Structures are given as C-alpha cells and as structure tokens.
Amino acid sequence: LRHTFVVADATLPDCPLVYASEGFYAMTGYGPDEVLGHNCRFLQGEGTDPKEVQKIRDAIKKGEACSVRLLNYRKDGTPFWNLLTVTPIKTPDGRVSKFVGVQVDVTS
C-alpha cells in the first residue's frame, strides 16, 4: 500500500539511518540533511508509548524482527500514527549488518 522505507546501519552502535525513500521525506517533512546519519527516534514525541518503543529496543539488541504501533510527529509538530515493521538483515556469518524499516501512516 502507501508506505515508506528506510535502511539503518547495524554496524554502527546506534543504528543510524543511511537510506530513506522519497515517501519518508515527504511523509515526515524532514530532508535528508536532517535524517541521514541519525537514529530514527527523532520522530518520537510526548505521547509515544514507551512500552512500544521498548519492544523495538529489545528486538534490535536481540536481532529479531518487530512490528509496533507508534505515535510520531512530523517536522511541523503535528502527530501521526506510524505502523512500523523492522526486519534484520544478516550476513552469512549470522551477524546483523542492517535493519530495514517499512513505515505506514495508519492514521486512516
């Protein structure tokens, strides 16, 4: 459906974003000069459920996939509901090299 896609670099200790689709920039209001190099958590805000955030934190430290419903905020401060699925991408030696994210605005 209508979705956006990013790639995070697991070879760096805090999974910075290294690629983002045109949709991600158009959806969030942020340019590449403010997204690339940074961890995705900047989209979070006051009403983001810390329990759900922690489901992602654990799934990333454990190298598993994960799906969560998060409240995110565009650059202009307005909120929206981000259905987010993170998938680990391993090398042949079983080590996680990248994390890929599909984000869907499910505000409906």
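When you see a residue number, it is the position in the sequence shown, counting from 1.
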Quiz item: Per the entry, where is the mean C-alpha temperature factor higher: 58-66 or 71-79?
Solution: 58-66
Quiz item: Comparing 25-33 with 43-51, which has the greater mean CA B-factor as deposited?
Solution: 43-51
Quiz item: If you rank every modelled residue in this chain by C-alpha B factor, which third holds residue 100: lowest, middle or highest?
Solution: middle
Quiz item: Which third of the chain holds residue 91 when residues are ordered by C-alpha B factor: lowest, middle or highest?
Solution: highest
